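[1] Part one of the assembly, not moved from where it sits:
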Amino acid sequence: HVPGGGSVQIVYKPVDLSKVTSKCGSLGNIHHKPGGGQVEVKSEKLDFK
């Protein structure tokens, strides 16, 4: 007989962050909205016709 055991394997496994996916509201934007209307439309020059 040959004594000294057979063989036994270690428990060890590789690791990864799985390309995981979540929500982001901030990622959906790069630009701001244009301004409101700064201009008068009511004014009249009061000509006596």
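    Right, received. Where do you want to start? Numbers count the residues shown, from 1 in each chain, chains lettered A, B, ... in the order given.
[2] only C-alpha atoms for contact and neighbour calcs from this point on.
    Fine.
[3] Kindly list the main-chain dihedrals of residue A:48?
    phi -80, psi 100 (degrees, to the nearest 10).
[4] can you check residue A:45 too?
    When read as degrees, to the nearest 10, the backbone of residue A:45 gives phi -90, psi 0.
[5] so how far is residue A:37 from it?
    Counting by CA to CA, to the nearest Å, the gap from residue A:45 to residue A:37 is 21 Å.
[6] what do you get for residue A:48?
    Per CA to CA, residue A:48 is found 30 Å from residue A:37.
[7] Likewise for residue A:44?
    Residue A:44 sits 19 Å away from residue A:37, taking CA to CA as the criterion.
[8] Kindly report the same for residue A:7.
    Taking CA to CA, one finds residue A:7 at 82 Å from residue A:37.
[9] can you check residue A:3 too?
    Distance, residue A:3 to residue A:37, by CA to CA: 93 Å.
[10] Chain B should join the structure above:
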Amino acid sequence: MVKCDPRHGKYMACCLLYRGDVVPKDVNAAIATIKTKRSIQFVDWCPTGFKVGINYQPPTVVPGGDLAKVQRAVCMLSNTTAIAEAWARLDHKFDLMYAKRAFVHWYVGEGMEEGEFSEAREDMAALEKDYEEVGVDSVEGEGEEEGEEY
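    Time to bring in chain B:
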């Protein structure tokens, strides 16, 4: 007691209203010497510029207050071209805000109309020409005329 300066135009009409120690000669001479002053200028068509009232009774005052007694007093009522500067002030003050339509929504929210608002301003644009025409020295040709001296 209207702040427009009476140098700025020409009298058309006057009423004097005396009370207390006044006699009618003294008044006739007060009026004639104001009439003489053509600096106290009348519209060049008016001849008989004055009306005159004379009461025997003096003004009494209220007791303890700011108004004190006199032996004689005068009120006066006078129509004059010089007030066309204050009507022009009421033009300019209207025109500056109405060009913007400022405060309009308060009046038009009582259902009053923008049409009537504009006619009121148009009636006062006619009023400016009403004061201006009485201000004309009865011109009826292409210039004016004079004798040797005024």
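[11] how far is stretch B:95-102 from where the chain is centred?
    Relative to its parent chain, stretch B:95-102 has a centroid offset of 28 Å by CA atoms, centre = their mean, to the nearest Å.
[12] got the domain boundaries for chain B?
    For chain B, CATH domains of a matching chain gives the domain ranges B:1-82, B:83-140.
[13] now those domains in JSON lines, with distance to residue A:13?
    Output for those, formatted as JSON lines (distance: least, CA to CA, whole Å):
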{"stretch": "domain B:1-82", "distance to residue A:13": "102"}
{"stretch": "domain B:83-140", "distance to residue A:13": "79"}
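[14] need the ones you listed in a markdown table with distance to chain A and mean neighbour count, can you?
    Below are these laid out as a markdown table (distance: least, CA to the nearest CA, whole Å; neighbours: other CA atoms under 10 Å in any protein chain shown):
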| stretch | distance to chain A | mean neighbour count |
| --- | --- | --- |
| domain B:1-82 | 23 | 14 |
| domain B:83-140 | 5 | 13 |
